[PDB]
Every structure is written in C-alpha cells, then in structure tokens.
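*Asks:* pasting an experimental structure with its sequence.
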Amino acid sequence: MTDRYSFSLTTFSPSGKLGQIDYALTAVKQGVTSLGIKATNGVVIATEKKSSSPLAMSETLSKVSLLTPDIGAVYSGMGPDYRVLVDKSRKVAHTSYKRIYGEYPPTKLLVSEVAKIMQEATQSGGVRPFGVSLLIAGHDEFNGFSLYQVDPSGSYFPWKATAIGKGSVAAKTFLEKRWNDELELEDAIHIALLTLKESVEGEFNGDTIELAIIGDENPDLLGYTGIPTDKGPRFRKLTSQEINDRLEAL
Amino acid sequence: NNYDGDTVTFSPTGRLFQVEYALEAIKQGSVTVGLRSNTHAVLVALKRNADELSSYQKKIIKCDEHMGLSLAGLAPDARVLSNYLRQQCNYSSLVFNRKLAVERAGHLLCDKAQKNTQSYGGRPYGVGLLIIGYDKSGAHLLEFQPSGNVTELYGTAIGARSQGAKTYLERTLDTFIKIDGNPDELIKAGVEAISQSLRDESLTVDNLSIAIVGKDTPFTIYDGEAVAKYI
Amino acid sequence: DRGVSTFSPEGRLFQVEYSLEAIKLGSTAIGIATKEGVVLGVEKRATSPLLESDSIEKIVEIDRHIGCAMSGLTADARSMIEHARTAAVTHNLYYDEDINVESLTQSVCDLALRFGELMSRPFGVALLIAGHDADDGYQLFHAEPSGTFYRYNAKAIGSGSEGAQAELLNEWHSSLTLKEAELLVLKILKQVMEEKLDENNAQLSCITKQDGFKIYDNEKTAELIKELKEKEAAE
Amino acid sequence: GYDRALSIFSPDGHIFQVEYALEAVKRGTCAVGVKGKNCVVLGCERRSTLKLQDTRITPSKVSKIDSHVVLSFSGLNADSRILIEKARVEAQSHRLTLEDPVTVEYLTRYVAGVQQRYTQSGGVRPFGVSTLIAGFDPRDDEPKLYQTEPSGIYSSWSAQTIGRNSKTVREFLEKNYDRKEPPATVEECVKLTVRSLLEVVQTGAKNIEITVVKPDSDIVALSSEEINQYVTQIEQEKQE
Amino acid sequence: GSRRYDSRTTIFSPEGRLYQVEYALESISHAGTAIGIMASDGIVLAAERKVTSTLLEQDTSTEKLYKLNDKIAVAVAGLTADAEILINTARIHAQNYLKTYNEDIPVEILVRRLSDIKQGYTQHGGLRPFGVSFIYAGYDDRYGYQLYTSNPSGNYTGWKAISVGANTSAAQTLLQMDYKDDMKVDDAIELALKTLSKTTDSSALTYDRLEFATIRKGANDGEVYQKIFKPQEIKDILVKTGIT
Amino acid sequence: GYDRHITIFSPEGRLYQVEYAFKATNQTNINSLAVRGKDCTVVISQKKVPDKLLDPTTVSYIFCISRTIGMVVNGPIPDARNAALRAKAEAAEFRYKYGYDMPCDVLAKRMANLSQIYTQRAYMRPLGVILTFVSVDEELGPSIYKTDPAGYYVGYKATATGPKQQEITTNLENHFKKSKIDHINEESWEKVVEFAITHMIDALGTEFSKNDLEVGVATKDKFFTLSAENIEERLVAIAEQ
Amino acid sequence: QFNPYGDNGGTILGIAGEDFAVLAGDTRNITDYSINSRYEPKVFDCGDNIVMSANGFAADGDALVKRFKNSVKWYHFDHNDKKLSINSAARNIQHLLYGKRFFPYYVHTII
Amino acid sequence: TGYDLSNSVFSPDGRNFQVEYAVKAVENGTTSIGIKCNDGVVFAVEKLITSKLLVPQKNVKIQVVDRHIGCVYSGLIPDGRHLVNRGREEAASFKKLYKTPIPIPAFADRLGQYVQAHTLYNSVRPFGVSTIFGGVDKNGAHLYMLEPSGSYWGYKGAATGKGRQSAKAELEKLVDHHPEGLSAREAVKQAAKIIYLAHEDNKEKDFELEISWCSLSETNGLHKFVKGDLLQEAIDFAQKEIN
Amino acid sequence: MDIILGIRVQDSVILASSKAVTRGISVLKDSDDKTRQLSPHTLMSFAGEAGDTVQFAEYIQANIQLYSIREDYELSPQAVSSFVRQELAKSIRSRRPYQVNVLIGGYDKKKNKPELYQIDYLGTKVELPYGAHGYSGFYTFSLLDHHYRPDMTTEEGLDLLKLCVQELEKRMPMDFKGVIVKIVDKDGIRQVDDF
C-alpha cells in the first residue's frame, strides 16, 4: 500500500525533450481557445463555454475564476486540472502572503506561486504534469495591470495580449494586427470578442462566451461601507446580458 | 512464466508461482518425519552435511517446554518462524498463565506466512515445518507449508523423497496411533518410516535427529550417542 | 528487472546464488581445526608490486577467543566484523563471560538475509569464523550470505576452494597438532595460489585457549615456509 | 522515500553499478602519489581543453582534510565534494572526542566505509570516485599513502596512480620506484612524480599540479615556475 | 509493483556516464545562449531570450538574469521553472549566512552549496535532475570579481569569460580569441554583444531579444552596484557599439 | 507502452486509464436518468436481478448520502460503494465543521477533486463509476450534479447515464425544446416520477414491472427511495393514461 | 496524586556455605497495618540452580523475578542450552534493574 | 497489452484482469454454501480428505466472527483467514463504540470495502477467495456472498467453489419449492444433501462434511457448529438422496 | 569558573581568566585554563555552569576549525562572535540551555584592529573596549572607566590588568587562585607565564 512511486515520471529523453511536458502541451493544444488582452486601464480575459449537452447548465461551470479580488484566471486544456489549481492558487495567496503581510499578493508573485506548483508536478515522485496553460490577469498598486501565461512546465511570461489552445496561432496573428499601447478597456473587450468569433464554430452569444475584466474598483461589489481605503474588487465577470449588448455593436 | 516476478501477481489460471517456487525449496530439503499416538508425538529428521568435513545441519528446534518443530528448506526462515513461535508461546504464558494450544500455534503461523504472499516486495517463506506438541487436549502433529496452509495429522513427512515415508505411515496408521504410554515404540515406527525415504545412504549416529514430547515428557531432542539405540 | 527477494523456479534466491559467484572470485582462505587450536590462513594477492602487502587485512580479530578470515568482496565484511565485535563485547557486558563461537556466528548470520525492498543486497563475502569456548572447545564455522553456517573440521573458501577442499579431505584427521595444521594450510595455499607463496603474499593466524587469537608476524611465517620446503624435498 | 536497489549482483557475481563507477574513475583526469623517505607528493593531471579558466577560484584537485592530511581523486568532481566534506567533518569530530587528530589510515578507513555503504543502500548509486589520501600521523615522521575506490576497498601504496592512462604511469612507477631506496629528498620525490605524469600528460604547462606534504602539518602547493623547472630539467637530461 | 515504471534517473551507463545529466545537458544546448565576461573593474552578464514574440511584455520580464543578493547574480540556460526553484534556495542560503556571520556570503560558498544540491539529485532520490546551467557573476572582499558556472551534474568551475546554452563551442572560441586580462568593463560589454551577434540563430540581434547586466564598483568608493539593464538601455548600448 | 497502464500522458496528450475507467462505467449494463420538478428532484435507474438466488432488496445502485442528498451510480458495485461511503463521510464532516448541511454541488465538486487526484497521482487508480448527485438545495433549489472518472463535473437541467444514455438524452432534450423550460412543471413529485418513467420507456422502447425499476426522490429536507409497492402505484397511474 | 509504589513488608536472608547456599524469607505479606496473606511465598527457584527473592514492593518484585526467569529461558534458546552461571545471572539482573534507573523497581534483590 | 500483469490496471474493455485471475483461484477450490432460513442461516463446506492421515473433525474451516456471525470461503484458505481476522477487528471496534453487536449488512460492507481496497493499488494482490457469511441481528437473518472484486449481495442461498453450478441449481429448486420459507433444522439437512450432490465435481477424493448455523430459535441467535447426533442425522438424510 | 576579564588596547586584546576550579568546599584545581583558541587570531574565554562551559567552548572550537579547513580561510572576529551569539540564542529556548558566558578576543587581519566581544548565556552580544563577566564587573568596570585609554600599549594594558586583579584579590570574597593571561595581536595568540 501507499505511494511506492517516489521516483519521477517525467524524465529527459536522449534528445533532451521532457516527454510528459511536451504531451501536456499537446493536451493544451486540443483545449478550447482562450485569450487575454491588456488595455491601458484594464485587462480582459475571455473563452468559449462549449457545452457537454444542452441539458447541462453551463453557468454552473465557471472557466473564468476569481483568485483574489484583483486577479482572475482562465485556461485551455483539462478542466479538472484547472479546477484544483484554482483551489490551490486561492489558498496559497492566503497562506504564503495575506496571512503574512495583511494584503493580497501582486499578480507576478501569485503567478510565480502557481508556476511553482506546476513545476513540482514536473519533477516530484509519482505524478504527471498538469495538462493546462493558464492566463492570469490582475492589478496591484505598484505594478499596475498585467497579464501572464503559465505553461505545464511551470514557465510563465508576461504578455500585452495572447491566446492559447485550439485556434491560438490564428488568434495571436489577429491580436498582433489590432493591438497597440493606447487601447482603452472597452476597445480591448471589443477586440477580444472579435478574435473569439474566429475560433467559435457554433452559437456566439452571452451564454456561450465567458468573459471577465480586471479594471476599476467596484464599491457596489464590496458588501459593506465605511472604510474609505477599501474600494472593492477590480475583478468583474461580465453578465450574459452585458456581453450581448456589445455583440449588437460588433 | 510472465507471472512469477513477485508474490503479488496471479497467473491467468489463478496460481501464485513465487509461493510454488518457495514450496520447491522444501522439496530439495532433507526428509523429516512426524507422527503421534494419544500420549506422545515424535519427530525424526534426516540431517544433511556439506561434505565429510562438516557438521550435519540441525533440523529440530524447541519452541516451548510442551512444543517444538522440525524443518525442511531454508534454515534461516525456520529460525525466523520458530522465533516468532517461541514469542507467542511465551506471551501466552506470561500474560495468561496458559500454555499455547498447538492448534493456535498453527493458526498463528498460517497468518504470518500469508502476509508475505499478498504484499509487494516481500517473498514467501522457503521452508516447511512439522510442529509436535502436548497440550490440554493431548498429543498433536501439524504440517506447515509457506503457502500458509497448516494441517493437523496423525503422521506425515516433508522434504526430498518424503513420499516413501508418507505412504508407509498411511499403511502403519492403525498400529502407531495406539502406541500409548510407550516412548521407544513410537520412535521406532518413526525411524522405520523415515527409512522409506533413504537412498544410497543409511542412518548413522551424527545423521539422525529425534524429538519426543508427550504426557509426562518435556519436548526434548536426541542427538549423537543418544540415538545410537535406534539405528 | 524483478524483485531483489525473488525465488528462482528451482526454489533458490537469485541474489544469494549470485553473491556465491562473487565469493568464488575471491582470494583463497583456509581454516583447519585441531585439539590444540584452529589455524586460519589467507592468500593476500596484491594487484601490483607497489601496493604494500601488510595493509591487506583479510584476517581479523573479533574477540580474544574469536578470529575471522574472509574471501570475496572484502569491503562488505567491515560491517559484519563491526557487528561481530559489538555482539561479543555486548554479550560480555550483559553476562560477565565469554560469548560462544556458535552464538557469535549465529548473530552474524542473522544479518545476512536482512536485504530487499534493511540493506539493498546480500553480502558478497564469506567468512571463516574460528574460536574457542569452554563448552564445545575449538570450532571453525563457515558463514555464507545465505544466512547459513556450517561447522567444519577444515574448510577452504575462494577461487582455489574446490581444489583445496579435496586436498583437505585427504589430509585432515582428528589428531593433527597445531604445527602440522600450520604447514598444511601453507602447503595447500601454495598449490592453489597463482603467484609463488612467500611470507608477504600469504598470512597465518591461530586461536588457542591459552593465548587467544594471534596473527603471525612475517618472520614467524617465513620460518614455517622454509620448514615446509624442507619436509617436502625430503621425500 | 525512494527505495530501489540499484547496486545488485548479476548472474556472474558482478555488481555492474560499482563497476560502472570505476568506468567514471577511468575517464577522470590522472592523479598520482609517491612517498619519499620523509614526505609524500601528490600530482594531478589538468586537462587543457579548458582555457580561459580562472585558476585562483576553480576548485583545486588536491584538498586538505585536516592540516596534516590531504586527499586527491579521479572521477566525478561533484561526487568527490561529498566525500571530502564528510571526511573533514569526521576529522574535527575525531579531534573533539579522542583529543588527537586522525591517523591517515583511520581517515582512509572512514572514507572507504562511506563509499562501501553507498554500494548496498537502497535508492543511491555508488560514488564515481577513487581517492588518494596521504599525510603523516600525529607525532610521526613516517609517510602514509592510501587508495580508496568505489567498491569500498582501501590499501597502502609505496606509490600509486588513478584516472585516465593510470595503467601507463603505473607501468612507469613500477619500473622507476625502488622499494629498497625511496626518493630520499623532497626534490627527488617531486621529480619522480612529475616524470610519471609526463608519460601521459602533454606539455607540462598549466597541465601538472604538485602538492608536497611533510611531517607536522607542513603542506604546500608548488606554483607553475617551480614545476616548470622540473619539467625543463627532466627534458634536458632526457635527450640522450 | 511500481518498479516497472521506474526510469532509474540516478544510474551509470556502462561507459560511466549519468544518462539523465547527459540528456539534460543536451536539453540545455538548445537554450538561449548566455555569456559572462569578467574584467579588472567589473563583470558583464549578457543573455539571449528564447525566440521572443512581438506581443511579449519585454520591460517587466525576467527569463535569463536573476539577482541572488546585492553582490551576486546569475545567468540561466535551461528550464526557467527549474531555475527559480534553485534561485530561491540560493537566496535563502545567502540570508542564512548573513544572519549567522553578519557578513555577505563569499561567492564560491554560495556556488558550492547550489552545486551540491544539484549533485544530490544525480546520486539519490530517483528524481530527474534540474535542467539548468548557471553562470554566477559576483563580488566579495576575498577574491573580488568572480565568474562561475554550474551544470546539472553539480560540477562547478571558475572563469575569466564563459558561455552556456546554445552554440557554446563557437561562442567560447570567439571569446578565447579576443579576451585579454587587463580588459576594462566597457570593452567586455562590447565583446559580449559582438559574440552573441555571431553565434545567434536569429537573423540579427535586437534589444527586445536580450537581457543584460553589469556588476561594477563604479558606484561610489569600495562598494558594489548591480545594474540589470532596462530595454531602452540595451537598445542604447547596442547602437553605441554599432551592432544596429 | 506503459503510458497506458498508469495515469501519465500519451504522446497525443491523452490519459488511457481514465478512458478505460469510462468503459467500466457501462459494465453493469444499467441506465439511469434524473429530472427536476418544481419542488423535487427525481432519479430513476433500471434494476436487473439476473440470478434467482439473490435477495432482490439488497440489489441497489441508489444511495442515501445524507438526509438531503441522494446519489445514483453507473458502474461496478464495489467502486460504487467505495464512492458512497466516502461521500457519506465527506458530507457528515462538512456538517460538523461548518455548521450547515453539505450542498449537492459542493459534495459533487469534492468527489470530483478526489477523482482528479487519481488521474494525476500514479498509485491511485480511477474509480470505474459516474456519480449523479441529487437534492433540493436550500439555496439553489432542485439540483442534479454529475461526476465522472476524469474528475469532470457539472450541473444539469436533467441527465442520463448508461449504455443507452444518448437515446434517453435526446428524448429529454426534445421534450425541453418543446416545453420551453428548465424543469418538469409539476406539483407533486409523484407525477414527476411518472414523467421520468414514461420518458424512460419511450426512449428505451421497453416496458417495466415494479421490480425492473429503482426510484429515488429528493424533496425539501429529505431524500428517499421508493418501495416496489410505491413504484407499482406509479406504474398503474401511467397505464391508466 | 497517584503513588505507584507500596510496601508489602516481609524480610529475606541469604547465607553461603562451602558447598551450599540458603535463601530464606518469611511468607507474610502486608499493607500498612493489615495482613494480606500469611502464606504468600517470595523466594523462587528460577532454574539452573539459582534461587531469587526481590523483597519490598511486591508488584515490582514479581515483575523482576518474572523477567529474570524469562531471561533464563531465552539464555537457553540463544546459547545452546548453556547453564547460566551465578555470576552471569548477577550481571544480567544488574541490567534488568538499571534499565529502570529513572523509575526503579522498589526491591532489595538477593540470589 | 500487458494489462493483466499489474493489479488495479484497467484493460481497454474496462476490466481488472488480476481480480479475474483471483476468481480462477476461487473456482479451483472446494465447494461451500449458505442457506438463508426462517429465522437464521446455515453454512456448510466440502473438506477433501486428501489422506487417511488427516485427523477427522480437526481441520475446521468455518469461522465465527463476534458471537453471531459465521463465515465460510472457497479458494486460498489463508486469504480467507486474513479476511476473517479483519472482520473480527471490524466487529470488535463497532461493538466498542456503539455497544450493539455489528449488524450483518453493516458487517458485509466492512469486508466489502476492505476487499475492494485490495483492487485499488498495484502493491497488493486481490483476495483469492469468495466468502459466504451471515447471521442474525435485530432485523432478522441475512446471508451474504462476497467476491475478490469486493462485490457482494444479499442471498436466499449461495454457493462457490468447484461445485457451484451444481449447488446453485439445487439451491434454485429449494427457492421455488419453498416460497413460504425453509426451517432451520430443515436447511441443515438440505445443506448436507447439496454438499453431497455438489461433491460429484470433486469425486476423485472423498470428503468430510462440516455444517454450522445461527437461528433465533434453535441457537438463540448465536453461531454454533453442528456436531454429534444432529450432524449424523443430516449426513444420513444426504446418504439417502444420492442413492 | 567565575572571573574572566578582557581589555582591548591599541594593537591587541588581552584576556585574563581565573585559575581555580571549585566544587563544594574544595578547590580541586588551581591551574585551569578557561580558554580555547578558535582560530590563530581568535581566542574565547568562558565562565558558567560546570561541564557546559567546556562542552560549549570545544563545540564552537570544532565548528570554527571545520570552517577554516573547508574555506582555507580564517573567519573574522566579528563573524565568529556572531556565530557564537547565534548558538547561545538558540540554546536559551532549548530543553536544557547552555549556561555559559564568554569573551571573544580577536585580531582582525583585514582591518588591522583588535576586537573584544562580550556575550552572555542569553546570547546578548556587545563589542567593548573592556569587558567582565559575573560579579567581576562590579569592581573592574569602574576601575577601568577611570584608568583606561584607547591608545594604551600592550604593556600599559597589562599594568591596568594587574590593577584589576589586585582589586579583586582585595575585595572579592572567594579565592580565585590568580589568573592566566593571554595576548591576541597581529602575530596570533601567546601566553604571559608570570603574573
């Protein structure tokens, strides 16, 4: 009984590739497209909510997740791997940061922490790598708005804009054409919706698209009043209704 | 063939080859015979030397004043199992002031041997044992195989060519079962039985080992000039 | 591969049988038991003329009444010796007496099958344990990595052993003197040795009740070597 | 923890992982030790495929274990650090409990034991290293030189070499070392050591290290010029 | 049992090589080249980024050059994620030393420990080694300016100038050819860039595909300053040596 | 080809042991179905007792996890019971620790996470089962949440599972396309059970006696299974329609 | 507070002749001012011609004797039925007693 | 393939072949049965007499758990003992915490979960026994049968081992012919017959019969062995019906 | 134990340490050297709980000697004093704490300065021109406050020390059997053998 697999399941092949990381990336390749774009006063992350059946309620399946009040995540690859990573990412933001400094981690550091968890699954005994790539968008007082990509290897890179999964190659080309360093948040949302329509085959509407922003503080979403310095979460999930509003003016 | 890498693997017909290979080491071991009446139980063991310059490997181990065994196969494994038995006999005495039932001794060995057949990394015991004892329900003889199977008998033998002794005892049954209150006659029948398994060698004085336990007899071993009487 | 503790289909432990192959590659060691003492002798077998031969230590004291010769992977024996010494000294601490040779040997042999997936493999060395106690007198034991030990009147182990043992079969009788046994070990070593026997490439020792266990100086052995050459040219 | 028996017997009675560790020693740069009447000298080959090396800070091939004992080696460098660290810790532990520094034989026996331990422990491979350990026992003027190897066996040597082409230089020392007369001076001893390395090295440029150990913790490294003089001198007498 | 699926990461080949170390080195040889050059008055670290995209955020980035303490930095070639594990270890090690002795850690001691950790992964525990080679650039008051490299075997060596990652053979020959001992920092800066320019697998060398750092005492008197170059500064130093 | 024996990636990024666990899901050759009323959640599953020597009352693939949560399993019984016992323990601990009853969707997520772990950790095999959790949640209302060996889970308007799952699914899809709503617009749970069995029959094209079925109902503050006699009463109502 | 010790009274006496030895003790067993038993023997034959008494706190005395008899048993098992000499018995008992140095057997032992 | 070499591995069909291979070891063993009756359960087993040297009546195969449960099994005997030792631990701890003796359905699952646990990892082997067991609790009588996969159900009657089909057919007759219920003393007799009828498939060797029972009226709800005159009575009834 | 003093002068550090070892009503020894050489230019004197003092001293000594070998370098007095402080600070929250007070006198060869560190059993470290542990300080601190100058020669330091030992021999209740004196300067450590 117990884990007698104390040895690595990811190892260097003679050519120097790490097979299981490569294959995990291949699983990310098959995953449904998701993307992120960084505006001057915000970040937008978006993805398709491709359903398992029309009997399934796809509202109950959240592909875009709040990690901290100013950080959100989206992914491409294996959903259940993503789900446990979000759980761990939320906890680690508390255990190794908030419980120490009394404030939430800045984007780059929480990303660093997630990357560490993913790296360890690439070397520790008796596990496979995580089969996802994450896009993490956030804001913090001293670094402003940022957007990171985290891969199965544990590598992460900051992006102005990018996509991952199925139709990433086309989407990245599309984003290069439309991105500039003067985009206002609403412009980026509109570019995101345009990019995503290329990769979406079937229905394209507020119920088939999941989309969130890191933007202004939302005092209406705080839950209480009377502490001036607490102004509310910068993360906001756009409603099914809010997405459709922007689809008429597409 | 493909399924004999370790004890944790069943063959497609439901066999455990590592256990069967353990059973095979017993078969290569030197013959030892067990038999009992209603008053005594006797072990006779044919010992095996390495050459003309060496001692004859002892085959009989005392476990308590009222119990002991003989061995065929890997001697170190018999040492481990006999040691475990000594501890269980001892525990029973110290805690309960009660001599260990030969039947419970058998159950305890079965369960100890079984554990080595169901887990990764271990190996089965490579030894067979014949346990004799006199307890609160009389004289007893047990046969232990490292598969975990333990059987109560009037008489038996294990080891190389034990089959000869086993048929003789099967024929002699109704005679020896009733050698009650005569030590030397039960030993004689054991010596006669072990002879059915000899080839190109006869019982010498540093070749033969006998143990007796019974009603008014502590488990005791005879060796050397003390067995000359019986050759 | 396959488990380190696996049985072969003939009912033998693979790893144990393979260690026996390594012991066959070992330098020769011979012991002879007599009523005046037990003699232990070994082929030192230096791999080059530059290596200083007195540093080769294949005969070893365990207690004053117990000594030991080895053959095979000799580095594996260090911890066996260490256990043996601790067992003997500990026994004396608990019981205010000398520890029996057989009990010592049993204690060492308990180590041997403690391997698998405890240590990673069996020992690749065999030992001739020789000593004296008041109960059973002068004794010689051969302790294998199988955990089995045999008492012997005489015994050879190592590469020259099968030849040496047939030689020992003829020569050993129950009334050998100590001097006879010393010469006999020397004679049989010279036969099976590759290089030519002398006081530098072989070593002698004995254990007597009176003086305990002693390794012989190169001077003392050199004289027994001369003495042996003289006895054998003389018939 | 990780358990696997990596060092195991093969059907011919060989432990391949121990033997493959010797292969790594074989690939390592040459090392040699020669003991005089009154000194021991440790010489080591330095491969010259590496130029732009900074030799102030690059790990030296001979290491002090205590002030009176030094260790050199051939094989995996990273492996050797582990043995050197342990030996140094043991050296201080010995002084602390025995109130006397280690004998060279004792320190050798310790390092050998560590190596051996790694040949029958689960989850570890043997050390790809053989060592030469040399110095003088406390309050003793007789020199000591020992050799350990991955199997754990150790022994004393009048002179000895390990590493690549060590068979060629053992050949040389076997013909050039008289047991009846050890190199009577430091000068003589260092010469025989450099000579033997020149059978195998190259130009003895930044290619030969020498360390000279004398009694009472008297240890010093020779610099390029000091060695160069031996190189230059040996070659002139040679043209004969 | 599980034995069946064990690669045995920590065993010797019959030639006496560590398979996994060898293959990790093969992996590292496809990594962006990193160069360290040591001068009399400072040290240069320069490294090439793995083939950057145009939408990558270049200024708030860190892939190759990392700060261990105020006196020591490293250039990375291999798996970044692996490297960050080892970097934080090294950072903690530096702080333990400072706490214990109230002195900044000597460069070698930090390098040795980090190398010892790598070594452990090759001898025990059955795990894959870290696919990383470091160039360490640092200063202490015993040896002054020092360069070191360590690789997955846990072997480390000291250098006047050295390259790791891709095309080290070509890179080393070019450094060996133009390096001189009396050389100043600003000449080393030029040598570093001119070498990468010749050994890159890219069409040309540009600011956006580079990380760059210097360690000088060119702050104010007997005290050391680390400079991790901003993207504009790299563009300037690239023009200043007329490579663009 | 040892990448097919344990849960590590194949060269095309697939996990074969997870896929083979899905095939074990159909090993029992049973179909199940769940639907939501206004006040309730009904789950029905086929009941097949092949041997005459079995005690029919002990043959069940529906479990009462908590007072409020019910679970139906598609897959072999040993794995099903393993999953049942764990969920019971998880739901009881949750109540102890957090002072309120474990919600259906949360229990589903927890069991989904446990399943994911077996897809990533090598020494653990996936359970060859699909778990359909049902309740009337105090916050969400009538609820169906389903877990599989991949660690995937989602909420449903209605669902089906088993060899003939696709027939049942499209049958239910077609009804809701028509009905225009998320649920069975029915007052009593008795009629929702009747709907459930009716559409099971149309979809499968077979008739049921009272011992061919197994029915579980979740209402506000309790989950209960129906007896053969309760089912017989329900079948009779369907006949007379 | 629970006191793990008690005093069961009694007294014992050992004398050595030239070719014999005696070990004697009364058979009374007491706590405080009460008699528990007028005949509760506390001098024992331990085999191998050794007799033993552990007088003081009876429960510790019984534990010790029990352990020593058991030592004699295993000495035979481990050392080919060798007889346990009186000097060897003595040393073995020292280790039994000192093994509980920091929670002693409250007994005067004689053999 | 190679799917059948490691326990807990799914084949591409969705099977764990090592458990199926364990079943073969069960099918290879002697026959054993259980009959559920009015207020109790009866267990019986065939004991091949290999030789005249086996002391009769003295190699007991049926085992009691707690005071109210009997277990019998076919296949690898030591595996069965191991399983009962665990059963005993489980019943002891249930009684310790809850005071009441362990209910039979509750007890069935303790064994069920434990056996199922031995199909979760490659580091253990599946149990090489099918186990028939049961007893009487506060809700009446229960008979259970449990396979190497950990699968178990409640039974009217049950059988396993070499003679399972023979016994099953004989058991199915009884279930049809006595819908109102079989009595304790009745079932003891029937069990004897079925073991004799099912001994045809093991008929090289002759055997020893062994029976036990728990009945609320006949044994007070406790597991007792059938010996003496009552055993001989059932032996005889069986001797009748084979001839 | 009891009396240990230190004075840093212009070019050296001088440590005076009492010679008595007393247990009960018996002076067991009158020639005890309460000091260990940690490195060629660093000396540590010690006083406190019996057994603990030496065990600690020798343990520190072994650690510094190990460092010396590993790095082939002598640690600065500051660094050694910090290592020693950390060990004592660990000890105070141990199951059984070392009860040892030390003075560390060293010559820093990089700075060419003598340095004196006073550290108590709690791990309280201070660099000082002169130091004392125990009741010693109650007499010597005031005397030194008055007669001490920073530019004193080694010879002046020794005369200032005589004055301290004389005051302690006058007013201390116990007989501490005189002191062993050692000087730590650029050439290492040496012992004055007549004081």
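*Replies:* Structure received. Numbering: from 1, shown residues only, chains lettered A, B, ... in the order given.
*Asks:* if I look at residue E:14, how far off is chain H?
*Replies:* As judged by CB to the nearest CB, to the nearest Å, residue E:14 and chain H stand 27 Å apart. Where you see a C-beta, it was placed from the backbone N, CA and C, and this is true even at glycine.
*Asks:* let me redo that: residue B:171
*Replies:* 9 Å.
*Asks:* looking at this, that residue is in a helix?
*Replies:* Yes: looking at residue B:171 with DSSP: H, G, I helix; E, B strand; the rest coil, it is inside a helix.
*Asks:* what kind of secondary structure is residue I:189 in?
*Replies:* On the three-state scheme (three-state DSSP), residue I:189 is labelled strand.
*Asks:* so who does the closest residue to chain G within chain A touch?
*Replies:* In chain A, the residue that lies nearest chain G is residue A:1 (33.9 Å; CB to the nearest CB). Contact analysis of residue A:1 by CB atoms under 8 Å, 6 or more residues apart in numbering or on different chains lists B:119, H:121, H:123, H:124.
*Asks:* again, only this time at 6 Å
*Replies:* Residues in contact with residue A:1 (CB atoms under 6 Å, 6 or more residues apart in numbering or on different chains) are residue H:123.
*Asks:* who are the packing partners of the lengthiest helix in chain H?
*Replies:* Secondary structure of chain H per DSSP state H: the longest helix is helix H:77-98. For helix H:77-98, the contact count by 3 or more CB pairs under 6 Å, 6 or more residues apart in numbering or on different chains; DSSP states H and E identifies helix B:102-115, strand H:63-65, helix H:104-117 as packing neighbours.
*Asks:* each with direction, which strands does the second one pair with?
*Replies:* According to DSSP bridges, strand H:63-65 has the following sheet partners: strand H:69-75 (antiparallel).
*Asks:* I figured residue F:35 hits residue F:158, correct?
*Replies:* Yes: contact status for residue F:35 versus residue F:158: in contact at 4.3 Å, counting by CB atoms under 6 Å.
*Asks:* which of those two has more neighbours?
*Replies:* A count of neighbours by other CB atoms under 10 Å in any protein chain shown puts residue F:35 above the other of residue F:35 and residue F:158, at 30 against 25.
*Asks:* then that one would be within a strand, right?
*Replies:* Yes: according to three-state DSSP, residue F:35 belongs to a strand.
*Asks:* name the helix or strand for the residue of chain I found nearest chain B, please.
*Replies:* Proximity of chain I to chain B (CB to the nearest CB) peaks at residue I:95, 35.8 Å away. Under the criterion of DSSP states H and E, residue I:95 resides outside all helices and strands.
*Asks:* residue 7: how many residues sit nearby?
*Replies:* Went with chain A since none was named. 26.
*Asks:* right idea, wrong chain: chain G
*Replies:* When neighbours are counted by other CB under 10 Å, residue G:7 comes out with 12.
*Asks:* show the contacting residues for the closest residue to it other than its chain neighbours.
*Replies:* Spatial nearest neighbour of residue G:7, excluding adjacent residues (CB to CB, 6 or more residues apart in numbering or on different chains): residue G:57 at 6.3 Å. Applying CB under 6 Å, 6+ apart to residue G:57 gives the contacts G:5, G:6, G:106.
*Asks:* what of residue I:125?
*Replies:* Residues near residue I:125 by CB under 6 Å, 6+ apart: I:85, I:119.
*Asks:* check the gap between it and chain A for me.
*Replies:* Residue I:125 sits 29 Å away from chain A, going by CB to the nearest CB.
*Asks:* which residues of the chain fall in helices?
*Replies:* Because you didn't say which chain, this covers chain A. Going by DSSP H, chain A shows helices at A:19-30, A:79-93, A:99-101, A:107-120, A:168-178, A:185-199, A:240-248.
*Asks:* wait, chain H was what I had in mind.
*Replies:* Along chain H, counting by DSSP H, helices occupy H:17-27, H:77-98, H:104-117, H:164-177, H:184-197, H:228-242.
*Asks:* for those helices, which one sits closest to residue C:106?
*Replies:* With CB to CB as the criterion, residue C:106 lies closest to helix H:77-98 of these, at 29.6 Å.
*Asks:* give the buried residues for that closest one.
*Replies:* H:77-84, H:87-88, H:90-91, H:94 (16 or more other CB atoms under 10 Å in any protein chain shown).
*Asks:* look up how far residue B:182 lies from the residue of chain A closest to chain G.
*Replies:* 54 Å (CB to CB, to the nearest Å).
*Asks:* quick one: contacts of the longest helix belonging to chain I?
*Replies:* Longest helix in chain I by number of residues (criterion: DSSP H): helix I:52-71. If you take CB under 6 Å, 6+ apart as the criterion, helix I:52-71 is touched by D:64, D:88, D:92, D:96, I:36, I:38-39, I:46, I:75, I:84, I:98-100.
*Asks:* report the longest strand in the chain, please.
*Replies:* Unless you meant another one, I'm taking chain A. strand A:132-140 (DSSP state E).
*Asks:* let me rephrase: I mean chain E.
*Replies:* strand E:132-140.
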